[PDB]
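Asks: Compute the structure for the input listed below.
(4 chains)
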Amino acid sequence: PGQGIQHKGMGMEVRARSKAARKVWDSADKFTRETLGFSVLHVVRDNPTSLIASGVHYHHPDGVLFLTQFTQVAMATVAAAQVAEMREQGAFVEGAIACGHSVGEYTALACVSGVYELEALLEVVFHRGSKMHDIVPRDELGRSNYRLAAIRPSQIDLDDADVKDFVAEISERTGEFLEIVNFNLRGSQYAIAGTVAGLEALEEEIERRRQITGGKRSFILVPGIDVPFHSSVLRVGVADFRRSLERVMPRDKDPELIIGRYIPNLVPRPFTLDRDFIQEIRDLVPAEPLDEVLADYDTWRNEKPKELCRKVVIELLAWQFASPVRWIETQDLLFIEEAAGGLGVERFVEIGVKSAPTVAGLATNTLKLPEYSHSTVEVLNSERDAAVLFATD
Amino acid sequence: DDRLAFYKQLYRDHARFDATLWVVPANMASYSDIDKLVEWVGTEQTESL
Amino acid sequence: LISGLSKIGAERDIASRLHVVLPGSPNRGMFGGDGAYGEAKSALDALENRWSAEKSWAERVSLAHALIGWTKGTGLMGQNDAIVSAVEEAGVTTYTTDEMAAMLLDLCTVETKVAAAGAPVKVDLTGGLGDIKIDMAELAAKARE
Amino acid sequence: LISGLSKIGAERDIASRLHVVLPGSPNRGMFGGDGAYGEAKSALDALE
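Replies: Numbers count the residues shown, from 1 in each chain, chains lettered A, B, ... in the order given. Sharing the structure here:
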């Protein structure tokens, strides 16, 4: 799962019991204390207000745990520790296909494929948080001319193509900026960022289009997000983060654990290293390291493949900043791959403790509407369903 | 208040921009004071209405 | 008090070094007339050892040692004020409160702050009262008398 | 204790000098491992 459901003392019960959880937390907490002069344990355990770090000063009236430079770190460590325990009990299956939503994708790769050290994971994730704060213009009050909004196309007869249409029209019409940021659920969840007036005009449209609306149905504005990220406005700051990734993500890694198991955001379809796949990336995200590899695929000599996967993996993570996260396609893709590979019993488990109910509830409603085919499916959450995860009952 | 008025006099003279002064009753002979004082010095910076 | 602010700094997790200026008494052992300052503050050298011993105190607290020389206040030293000129005749310096305050701030400058972060800084703010050959058995007592 | 035996000596009026051997710890500051002796006994110079 992604950010925003994080709670004070999340997964702190597991830390007191599991040994694997302690090693994940302590190795992470020690590094952060020595390098950046602060502890993630304290932040998670009791939520502070202001914090001063090495070069930076973070102040929030509510909590620092809800600040992204921290929140992402907390969320990543919580999940990484929970999977480690699941791995210690051997409950992790050898053929498990894994994916993540936004910041959760970094944890996904960390847990299943071990693509970075525990301290290495919290470096990228922390810096990615600090990178998300300085990207967009602000006022004296820290105001934004933009915002984000959550759409539900349902309750009326409207489709994904109908939503895309209406948004594209009002985007061109007013001359303002309106972008569909997140494709989450087929007929259920969509996120949209751009000019506030554009968000308002879009809110207005469905209220007019839907015949039954007296209450401004189907539209939820997002508090706290001032950045129209995952739109066409963010593509500038990738190159610096793309280098930062290559520093913290070296070339000795497991290709197979990622391939076919991992579903990027920028790329809705499963990771595989092929001339076909690398091209799909370039099309969505034009890039210098990628376009050359596509130009000559005749580099076939066996020294390449791991080195190829290592850059492709980083390209997906670096430009994940820019490209919209497709959760719809991620879910639907799983159906596509199963159907071609057989439909027999599947178990869907979400990890990260209290973040687990979200994308499961996202899956649950998705398992209903397109998936009506009557399939045996199990939706399991680390927070809620733990008795089922460890099979103890 | 004779001690309290003095620090007000001292502040209104030598205070620059960004300057904030804090005056408190304190006893360094009391361990309770020390613990209670820094527990006050280190908590939040928040005012709940 | 040092331990208290060390806990807060560690619990709330700051790497910021609190600079504690230790109000050392000037030049212990070469004055017999003070009766209070000279003896009490000599264990500050032993306190600098505690920080040099305890490992985790470095990030929370830095020890800046300042030896505060002869400094003229009105209330306590109202007897000592007349012989301030007399002691100053030995080629030694006695300080006004504003002068000594300035000496204490200079330890709080960025240059000397970083110096304290690398290692404990012992500063002699005394006016040369150390090599003083003036007999305190007389020139202090008589002054007080 | 020193003051106590000083009173007795003065009250009962003896000029006899009580020799108090002060159990000083060896060479303060050049050992960091004792942890007790080295620091405590350095004030015996102040007691002199």
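Asks: residues from chain C in reach of chain D?
Replies: When proximity is defined by CB under 8 Å from any CB of the partner chain, chain C lies next to chain D at C:39, C:42, C:43, C:46, C:49, C:53. Placement of C-beta: from N, CA and C, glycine included.
Asks: Quick check: which element contains the first one?
Replies: Assigned by DSSP states H and E, residue C:39 belongs to helix C:37-40.
Asks: Look at residue A:349 and give its secondary structure.
Replies: When classified by DSSP: H, G, I helix; E, B strand; the rest coil, residue A:349 comes out as strand.
Asks: three-state assignment of the residue nearest the centre of chain A?
Replies: Centroid-nearest residue in chain A, with CA atoms, centre = their mean: residue A:102, separated by 1.5 Å. Three-state assignment for residue A:102 (three-state DSSP): coil.
Asks: Report the contact partners of it.
Replies: A:2, A:3, A:265, A:320, A:325 (CB atoms under 8 Å, 6 or more residues apart in numbering or on different chains).
Asks: Relative to chain D, which of those is nearest.
Replies: residue A:3 (48.2 Å; CB to the nearest CB).
Asks: Might you report the residue contacts of the closest one?
Replies: Residues in contact with residue A:3 (CB under 8 Å, 6+ apart) are A:68, A:71, A:72, A:75, A:102, A:103.
Asks: between those residues, which has the most around it?
Replies: Neighbour counts for those, by other CB atoms under 10 Å in any protein chain shown, peak at residue A:75, which reaches 31 neighbours.
Asks: Distance across stretch A:252-268, terminal residue to terminal residue?
Replies: Chord length of stretch A:252-268, first to last residue, is 25 Å (CA to CA, to the nearest Å).
Asks: Equivalent analysis for stretch A:296-315, please.
Replies: Using CA to CA, one end of stretch A:296-315 lies 18 Å from the other.
Asks: Not counting that stretch itself, show me its contacts.
Replies: Taking CB under 8 Å, 6+ apart as the rule, stretch A:296-315 contacts A:109, A:115, A:242, A:245-246, A:249-251, A:253, A:255, A:258-259, A:271, A:273, A:275, A:277-278, A:281, A:285, A:287, A:289-290, A:293.
Asks: go on, stretch A:338-354?
Replies: With contacts defined as CB under 8 Å, 6+ apart, stretch A:338-354 is touched by A:1, A:5-7, A:10-11, A:14, A:75, A:78-79, A:82-83, A:86, A:104, A:107, A:111, A:356-360, A:363, A:375-383, A:389.
Asks: buried ones in the lengthiest helix in chain B?
Replies: The residue-count maximum for a helix in chain B (DSSP state H) belongs to helix B:2-14. By 16 or more other CB atoms under 10 Å in any protein chain shown, helix B:2-14 has no buried positions at all.
Asks: Please apply the same query to stretch C:132-145.
Replies: Under the neighbour-count criterion of 16+ other CB under 10 Å, stretch C:132-145 has C:132, C:134, C:136, C:139, C:140, C:143 buried.
Asks: these two touch, right, the third one and residue C:29?
Replies: No - in this structure residue C:136 lies outside contact range of residue C:29 using CB atoms under 8 Å: 11.1 Å.
Asks: what helices or strands is the longest helix of chain B leaning on?
Replies: Using 3 or more CB pairs under 8 Å, 6 or more residues apart in numbering or on different chains; DSSP states H and E, no helix or strand is in contact with helix B:2-14.
Asks: What is the neighbour count of residue A:108?
Replies: Neighbour count for residue A:108, taken as other CB under 10 Å: 27.
Asks: likewise residue A:91?
Replies: Neighbour count of residue A:91, defined by other CB under 10 Å: 13.
Asks: Quick check: it vs residue A:19, distance?
Replies: Distance, residue A:91 to residue A:19, using CB to CB, to the nearest Å: 16 Å.
Asks: Residue C:98 now?
Replies: 61 Å.
Asks: With residue A:393 instead?
Replies: Distance of residue A:393 to residue A:19, computed by CB to CB: 23 Å.
Asks: And those two? Which one has more around it.
Replies: When neighbours are counted by other CB under 10 Å, residue A:19 comes out ahead of the other of residue A:393 and residue A:19, with 11 against 5.
Asks: and that one, what is it in contact with?
Replies: By CB under 8 Å, 6+ apart, the neighbours of residue A:19 are residue A:88.
Asks: Now with 10 Å, please.
Replies: By CB atoms under 10 Å, 6 or more residues apart in numbering or on different chains, the contact set of residue A:19 is A:84, A:85, A:88.
Asks: List phi and psi for the second one.
Replies: Think residue A:85. Taking degrees, to the nearest 10, you get phi -70, psi -40 for the backbone angles of residue A:85.
Asks: The closest residue to residue A:23 other than its chain neighbours: how many residues sit nearby?
Replies: Once flanking residues are discounted, residue A:23 sits nearest to residue A:84: 7.3 Å by CB to CB, 6 or more residues apart in numbering or on different chains. Look at residue A:84: counted by other CB under 10 Å, it has 22 neighbours.
Asks: Please apply the same query to residue A:148.
Replies: 24.
Asks: Tell me the first helix or strand C-terminal of the helix or strand encompassing it.
Replies: Secondary structure from DSSP H and E places residue A:148 in strand A:146-151. Going down the chain from strand A:146-151, the next helix or strand is helix A:160-174, by DSSP H and E.
Asks: Tell me which other helices or strands that next one touches.
Replies: Packing contacts for helix A:160-174, counted by 3 or more CB pairs under 10 Å, 6 or more residues apart in numbering or on different chains; DSSP states H and E, involve strand A:178-183, strand A:190-195, helix A:196-209.
Asks: secondary structure class for the residue nearest to residue A:23?
Replies: Under three-state DSSP, residue A:84 falls in the helix class.
Asks: surely it meets residue A:18?
Replies: Yes - taking contacts as CB atoms under 10 Å, residue A:84 lies within contact range of residue A:18: 7.8 Å.
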